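Asker: Contents of entry_14.cif (mmCIF, N, CA and C atoms; chains and numbers go by the auth columns):
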data_start
#
loop_
_atom_site.group_PDB
_atom_site.id
_atom_site.type_symbol
_atom_site.label_atom_id
_atom_site.label_comp_id
_atom_site.label_asym_id
_atom_site.label_seq_id
_atom_site.Cartn_x
_atom_site.Cartn_y
_atom_site.Cartn_z
_atom_site.B_iso_or_equiv
_atom_site.auth_seq_id
_atom_site.auth_asym_id
ATOM 1 N N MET A 1 21.902 -55.904 36.780 0.00 1 A
ATOM 2 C CA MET A 1 23.279 -56.311 36.565 0.00 1 A
ATOM 3 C C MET A 1 23.421 -57.833 36.647 0.00 1 A
ATOM 4 N N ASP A 2 23.008 -58.373 37.784 0.00 2 A
ATOM 5 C CA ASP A 2 23.082 -59.808 38.002 0.00 2 A
ATOM 6 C C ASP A 2 22.905 -60.103 39.493 0.00 2 A
ATOM 7 N N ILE A 3 21.787 -59.636 40.028 0.00 3 A
ATOM 8 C CA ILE A 3 21.487 -59.842 41.434 0.00 3 A
ATOM 9 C C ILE A 3 19.971 -59.936 41.619 0.00 3 A
ATOM 10 N N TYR A 4 19.569 -60.816 42.539 0.00 4 A
ATOM 11 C CA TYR A 4 18.166 -61.025 42.832 0.00 4 A
ATOM 12 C C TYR A 4 17.917 -60.848 44.323 0.00 4 A
ATOM 13 N N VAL A 5 17.840 -59.602 44.769 0.00 5 A
ATOM 14 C CA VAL A 5 17.606 -59.322 46.174 0.00 5 A
ATOM 15 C C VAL A 5 16.101 -59.210 46.424 0.00 5 A
ATOM 16 N N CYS A 6 15.606 -60.102 47.271 0.00 6 A
ATOM 17 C CA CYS A 6 14.191 -60.114 47.602 0.00 6 A
ATOM 18 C C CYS A 6 13.781 -58.699 48.011 0.00 6 A
ATOM 19 N N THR A 7 12.543 -58.357 47.683 0.00 7 A
ATOM 20 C CA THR A 7 12.019 -57.042 48.009 0.00 7 A
ATOM 21 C C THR A 7 11.018 -57.138 49.162 0.00 7 A
ATOM 22 N N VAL A 8 11.124 -58.229 49.906 0.00 8 A
ATOM 23 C CA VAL A 8 10.238 -58.453 51.036 0.00 8 A
ATOM 24 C C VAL A 8 11.056 -58.451 52.329 0.00 8 A
ATOM 25 N N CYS A 9 12.105 -59.259 52.329 0.00 9 A
ATOM 26 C CA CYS A 9 12.973 -59.360 53.490 0.00 9 A
ATOM 27 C C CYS A 9 14.305 -58.684 53.155 0.00 9 A
ATOM 28 N N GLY A 10 14.567 -58.575 51.861 0.00 10 A
ATOM 29 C CA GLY A 10 15.796 -57.955 51.395 0.00 10 A
ATOM 30 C C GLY A 10 16.914 -58.989 51.258 0.00 10 A
ATOM 31 N N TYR A 11 16.502 -60.248 51.093 0.00 11 A
ATOM 32 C CA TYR A 11 17.437 -61.345 50.949 0.00 11 A
ATOM 33 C C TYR A 11 18.411 -61.047 49.818 0.00 11 A
ATOM 34 N N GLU A 12 19.526 -61.765 49.792 0.00 12 A
ATOM 35 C CA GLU A 12 20.521 -61.560 48.754 0.00 12 A
ATOM 36 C C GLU A 12 20.819 -62.879 48.036 0.00 12 A
ATOM 37 N N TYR A 13 20.708 -62.835 46.707 0.00 13 A
ATOM 38 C CA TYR A 13 20.956 -64.001 45.882 0.00 13 A
ATOM 39 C C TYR A 13 21.685 -63.589 44.611 0.00 13 A
ATOM 40 N N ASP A 14 22.495 -64.489 44.075 0.00 14 A
ATOM 41 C CA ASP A 14 23.240 -64.198 42.861 0.00 14 A
ATOM 42 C C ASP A 14 22.816 -65.174 41.761 0.00 14 A
ATOM 43 N N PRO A 15 22.694 -64.635 40.545 0.00 15 A
ATOM 44 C CA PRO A 15 22.308 -65.372 39.362 0.00 15 A
ATOM 45 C C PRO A 15 23.509 -66.133 38.819 0.00 15 A
ATOM 46 N N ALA A 16 23.932 -67.164 39.535 0.00 16 A
ATOM 47 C CA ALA A 16 25.073 -67.955 39.106 0.00 16 A
ATOM 48 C C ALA A 16 24.779 -69.437 39.347 0.00 16 A
ATOM 49 N N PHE A 17 23.533 -69.810 39.094 0.00 17 A
ATOM 50 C CA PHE A 17 23.111 -71.188 39.280 0.00 17 A
ATOM 51 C C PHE A 17 23.010 -71.915 37.937 0.00 17 A
ATOM 52 N N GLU A 18 22.461 -73.120 37.992 0.00 18 A
ATOM 53 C CA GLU A 18 22.301 -73.925 36.794 0.00 18 A
ATOM 54 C C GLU A 18 20.907 -74.555 36.760 0.00 18 A
ATOM 55 N N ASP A 19 20.510 -75.097 37.902 0.00 19 A
ATOM 56 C CA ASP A 19 19.209 -75.732 38.017 0.00 19 A
ATOM 57 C C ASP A 19 18.271 -74.825 38.816 0.00 19 A
ATOM 58 N N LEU A 20 17.494 -74.039 38.085 0.00 20 A
ATOM 59 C CA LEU A 20 16.554 -73.124 38.712 0.00 20 A
ATOM 60 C C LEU A 20 15.128 -73.533 38.339 0.00 20 A
ATOM 61 N N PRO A 21 14.576 -74.449 39.139 0.00 21 A
ATOM 62 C CA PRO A 21 13.240 -74.977 38.974 0.00 21 A
ATOM 63 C C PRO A 21 12.263 -73.832 38.749 0.00 21 A
ATOM 64 N N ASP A 22 11.009 -74.165 38.476 0.00 22 A
ATOM 65 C CA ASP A 22 9.998 -73.147 38.243 0.00 22 A
ATOM 66 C C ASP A 22 9.091 -73.047 39.470 0.00 22 A
ATOM 67 N N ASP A 23 9.714 -72.774 40.607 0.00 23 A
ATOM 68 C CA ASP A 23 8.977 -72.650 41.854 0.00 23 A
ATOM 69 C C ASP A 23 9.966 -72.495 43.012 0.00 23 A
ATOM 70 N N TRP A 24 10.589 -71.327 43.063 0.00 24 A
ATOM 71 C CA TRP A 24 11.555 -71.041 44.110 0.00 24 A
ATOM 72 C C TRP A 24 10.926 -70.029 45.071 0.00 24 A
ATOM 73 N N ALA A 25 11.010 -70.348 46.354 0.00 25 A
ATOM 74 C CA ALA A 25 10.455 -69.481 47.379 0.00 25 A
ATOM 75 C C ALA A 25 11.567 -69.064 48.344 0.00 25 A
ATOM 76 N N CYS A 26 11.524 -67.798 48.733 0.00 26 A
ATOM 77 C CA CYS A 26 12.518 -67.264 49.650 0.00 26 A
ATOM 78 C C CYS A 26 12.620 -68.206 50.850 0.00 26 A
ATOM 79 N N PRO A 27 13.865 -68.488 51.241 0.00 27 A
ATOM 80 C CA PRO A 27 14.195 -69.354 52.353 0.00 27 A
ATOM 81 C C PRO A 27 14.126 -68.565 53.653 0.00 27 A
ATOM 82 N N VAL A 28 13.428 -67.439 53.627 0.00 28 A
ATOM 83 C CA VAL A 28 13.300 -66.611 54.813 0.00 28 A
ATOM 84 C C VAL A 28 11.835 -66.205 54.993 0.00 28 A
ATOM 85 N N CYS A 29 11.397 -65.296 54.135 0.00 29 A
ATOM 86 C CA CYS A 29 10.026 -64.818 54.187 0.00 29 A
ATOM 87 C C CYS A 29 9.105 -65.946 53.717 0.00 29 A
ATOM 88 N N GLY A 30 9.623 -66.744 52.795 0.00 30 A
ATOM 89 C CA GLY A 30 8.862 -67.858 52.256 0.00 30 A
ATOM 90 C C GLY A 30 8.062 -67.430 51.023 0.00 30 A
ATOM 91 N N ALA A 31 7.987 -66.122 50.830 0.00 31 A
ATOM 92 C CA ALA A 31 7.259 -65.572 49.699 0.00 31 A
ATOM 93 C C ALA A 31 7.816 -66.166 48.404 0.00 31 A
ATOM 94 N N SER A 32 7.008 -66.082 47.358 0.00 32 A
ATOM 95 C CA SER A 32 7.406 -66.605 46.061 0.00 32 A
ATOM 96 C C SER A 32 8.545 -65.763 45.484 0.00 32 A
ATOM 97 N N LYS A 33 9.192 -66.317 44.469 0.00 33 A
ATOM 98 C CA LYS A 33 10.298 -65.631 43.822 0.00 33 A
ATOM 99 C C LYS A 33 9.751 -64.710 42.730 0.00 33 A
ATOM 100 N N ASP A 34 8.714 -63.968 43.089 0.00 34 A
ATOM 101 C CA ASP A 34 8.093 -63.047 42.153 0.00 34 A
ATOM 102 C C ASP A 34 8.431 -61.611 42.555 0.00 34 A
ATOM 103 N N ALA A 35 8.580 -61.414 43.857 0.00 35 A
ATOM 104 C CA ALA A 35 8.902 -60.099 44.384 0.00 35 A
ATOM 105 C C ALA A 35 10.397 -59.831 44.195 0.00 35 A
ATOM 106 N N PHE A 36 11.082 -60.834 43.664 0.00 36 A
ATOM 107 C CA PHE A 36 12.511 -60.720 43.427 0.00 36 A
ATOM 108 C C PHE A 36 12.794 -59.931 42.147 0.00 36 A
ATOM 109 N N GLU A 37 13.748 -59.018 42.252 0.00 37 A
ATOM 110 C CA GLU A 37 14.123 -58.193 41.116 0.00 37 A
ATOM 111 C C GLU A 37 15.457 -57.494 41.385 0.00 37 A
ATOM 112 N N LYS A 38 16.179 -57.232 40.306 0.00 38 A
ATOM 113 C CA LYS A 38 17.469 -56.570 40.410 0.00 38 A
ATOM 114 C C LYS A 38 17.387 -55.466 41.466 0.00 38 A
ATOM 115 N N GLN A 39 18.447 -55.366 42.255 0.00 39 A
ATOM 116 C CA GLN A 39 18.507 -54.362 43.303 0.00 39 A
ATOM 117 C C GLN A 39 19.962 -54.080 43.685 0.00 39 A
#
Represent the structure of the file as structure tokens.

Answerer:
Amino acid sequence: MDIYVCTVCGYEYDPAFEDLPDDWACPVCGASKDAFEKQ
């Protein structure tokens, strides 16, 4: 739909940004933004 909830810690993020570099890491688990997927 439009949500990027980490699948490691279960963080919550919304796809309403503008500058999304090519290297975002969870500000909690620290894991890469690869385990992130609609949830």

Asker: Considering only N, CA and C atoms, return as a list in words whatever protein or nucleic-acid residues lie within 7 Å of residue A:8, sequence-local ones (same chain, fewer than 2 positions apart) excluded.

Answerer: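 That gives residues 5, 6, 10, 11, 29, 35 and 36 of chain A.
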
Asker: Produce a file of the selected residues containing N, CA and C atoms, as an mmCIF file, keeping the file's coordinate frame.

Answerer:
data_model
loop_
_atom_site.group_PDB
_atom_site.id
_atom_site.type_symbol
_atom_site.label_atom_id
_atom_site.label_comp_id
_atom_site.auth_asym_id
_atom_site.auth_seq_id
_atom_site.Cartn_x
_atom_site.Cartn_y
_atom_site.Cartn_z
ATOM 1 N N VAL A 5 17.840 -59.602 44.769
ATOM 2 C CA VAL A 5 17.606 -59.322 46.174
ATOM 3 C C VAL A 5 16.101 -59.210 46.424
ATOM 4 N N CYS A 6 15.606 -60.102 47.271
ATOM 5 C CA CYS A 6 14.191 -60.114 47.602
ATOM 6 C C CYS A 6 13.781 -58.699 48.011
ATOM 7 N N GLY A 10 14.567 -58.575 51.861
ATOM 8 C CA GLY A 10 15.796 -57.955 51.395
ATOM 9 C C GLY A 10 16.914 -58.989 51.258
ATOM 10 N N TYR A 11 16.502 -60.248 51.093
ATOM 11 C CA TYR A 11 17.437 -61.345 50.949
ATOM 12 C C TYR A 11 18.411 -61.047 49.818
ATOM 13 N N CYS A 29 11.397 -65.296 54.135
ATOM 14 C CA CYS A 29 10.026 -64.818 54.187
ATOM 15 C C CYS A 29 9.105 -65.946 53.717
ATOM 16 N N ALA A 35 8.580 -61.414 43.857
ATOM 17 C CA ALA A 35 8.902 -60.099 44.384
ATOM 18 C C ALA A 35 10.397 -59.831 44.195
ATOM 19 N N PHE A 36 11.082 -60.834 43.664
ATOM 20 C CA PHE A 36 12.511 -60.720 43.427
ATOM 21 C C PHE A 36 12.794 -59.931 42.147
#

Asker: What's around residue A:4 at 6 Å? Count only N, CA and C atoms, leave out sequence neighbours fewer than 5 positions away in its own chain, and write the answer as a PyMOL selection string.

Answerer: chain A and resi 11-15+36-39

Asker: Residues within 12 Å of residue A:22, please, as a ChimeraX atom specification. Count only C-alpha atoms; anything in the same chain fewer than 4 positions from it doesn't count.

Answerer: /A:32-34

Asker: Please indicate the distance in Å from atom CA of residue A:28 to atom C of residue A:1, rounded to one decimal place.

Answerer: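 Distance reported for this atom pair: 22.6 Å.
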
Asker: In Å, rounded to a single decimal, give me how far atom C of residue A:7 is from atom C of residue A:21.

Answerer: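 So the answer is 19.7 Å.
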
Asker: Select from chain A everything DSSP, run on the backbone, classes as strand (DSSP E or B), then give the selection as a PyMOL selection string.

Answerer: chain A and resi 5+25+32+37

Asker: Generate the coordinates of N, CA, C and O atoms for stretch 13-38 of chain A; report them as a compact mmCIF listing (two decimals), keeping the file's coordinate frame.

Answerer:
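Contents of the output file rebuild-v2.txt:
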# COMPACT_ATOMS: atom_id res chain seq x y z
N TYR A 13 20.71 -62.84 46.71
CA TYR A 13 20.96 -64.00 45.88
C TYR A 13 21.68 -63.59 44.61
O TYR A 13 21.49 -62.46 44.15
N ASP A 14 22.50 -64.49 44.08
CA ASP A 14 23.24 -64.20 42.86
C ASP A 14 22.82 -65.17 41.76
O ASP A 14 22.61 -66.36 41.99
N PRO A 15 22.69 -64.64 40.54
CA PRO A 15 22.31 -65.37 39.36
C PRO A 15 23.51 -66.13 38.82
O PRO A 15 24.02 -65.76 37.76
N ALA A 16 23.93 -67.16 39.53
CA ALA A 16 25.07 -67.96 39.11
C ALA A 16 24.78 -69.44 39.35
O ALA A 16 25.66 -70.19 39.75
N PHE A 17 23.53 -69.81 39.09
CA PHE A 17 23.11 -71.19 39.28
C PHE A 17 23.01 -71.92 37.94
O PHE A 17 23.42 -71.38 36.91
N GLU A 18 22.46 -73.12 37.99
CA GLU A 18 22.30 -73.92 36.79
C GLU A 18 20.91 -74.56 36.76
O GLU A 18 20.24 -74.54 35.73
N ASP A 19 20.51 -75.10 37.90
CA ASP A 19 19.21 -75.73 38.02
C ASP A 19 18.27 -74.82 38.82
O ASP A 19 18.27 -74.85 40.05
N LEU A 20 17.49 -74.04 38.08
CA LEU A 20 16.55 -73.12 38.71
C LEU A 20 15.13 -73.53 38.34
O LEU A 20 14.54 -73.05 37.38
N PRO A 21 14.58 -74.45 39.14
CA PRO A 21 13.24 -74.98 38.97
C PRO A 21 12.26 -73.83 38.75
O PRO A 21 12.67 -72.68 38.83
N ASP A 22 11.01 -74.17 38.48
CA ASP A 22 10.00 -73.15 38.24
C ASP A 22 9.09 -73.05 39.47
O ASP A 22 7.88 -73.21 39.36
N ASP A 23 9.71 -72.77 40.61
CA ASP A 23 8.98 -72.65 41.85
C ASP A 23 9.97 -72.50 43.01
O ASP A 23 10.14 -73.41 43.81
N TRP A 24 10.59 -71.33 43.06
CA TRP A 24 11.56 -71.04 44.11
C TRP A 24 10.93 -70.03 45.07
O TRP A 24 10.39 -69.01 44.64
N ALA A 25 11.01 -70.35 46.35
CA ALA A 25 10.46 -69.48 47.38
C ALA A 25 11.57 -69.06 48.34
O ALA A 25 12.42 -69.88 48.71
N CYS A 26 11.52 -67.80 48.73
CA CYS A 26 12.52 -67.26 49.65
C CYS A 26 12.62 -68.21 50.85
O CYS A 26 11.63 -68.66 51.41
N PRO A 27 13.86 -68.49 51.24
CA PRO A 27 14.20 -69.35 52.35
C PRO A 27 14.13 -68.56 53.65
O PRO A 27 14.71 -69.00 54.64
N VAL A 28 13.43 -67.44 53.63
CA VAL A 28 13.30 -66.61 54.81
C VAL A 28 11.84 -66.20 54.99
O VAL A 28 11.15 -66.71 55.88
N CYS A 29 11.40 -65.30 54.14
CA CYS A 29 10.03 -64.82 54.19
C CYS A 29 9.10 -65.95 53.72
O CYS A 29 7.97 -66.07 54.19
N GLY A 30 9.62 -66.74 52.80
CA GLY A 30 8.86 -67.86 52.26
C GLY A 30 8.06 -67.43 51.02
O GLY A 30 7.54 -68.27 50.29
N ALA A 31 7.99 -66.12 50.83
CA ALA A 31 7.26 -65.57 49.70
C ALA A 31 7.82 -66.17 48.40
O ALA A 31 8.94 -66.68 48.38
N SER A 32 7.01 -66.08 47.36
CA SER A 32 7.41 -66.60 46.06
C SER A 32 8.54 -65.76 45.48
O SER A 32 8.81 -64.66 45.96
N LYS A 33 9.19 -66.32 44.47
CA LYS A 33 10.30 -65.63 43.82
C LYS A 33 9.75 -64.71 42.73
O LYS A 33 10.27 -64.69 41.61
N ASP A 34 8.71 -63.97 43.09
CA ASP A 34 8.09 -63.05 42.15
C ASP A 34 8.43 -61.61 42.56
O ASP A 34 8.55 -60.73 41.70
N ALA A 35 8.58 -61.41 43.86
CA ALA A 35 8.90 -60.10 44.38
C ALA A 35 10.40 -59.83 44.20
O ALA A 35 10.88 -58.75 44.53
N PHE A 36 11.08 -60.83 43.66
CA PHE A 36 12.51 -60.72 43.43
C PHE A 36 12.79 -59.93 42.15
O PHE A 36 12.16 -60.16 41.12
N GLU A 37 13.75 -59.02 42.25
CA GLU A 37 14.12 -58.19 41.12
C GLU A 37 15.46 -57.49 41.38
O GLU A 37 15.79 -57.21 42.53
N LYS A 38 16.18 -57.23 40.31
CA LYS A 38 17.47 -56.57 40.41
C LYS A 38 17.39 -55.47 41.47
O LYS A 38 16.39 -54.75 41.54
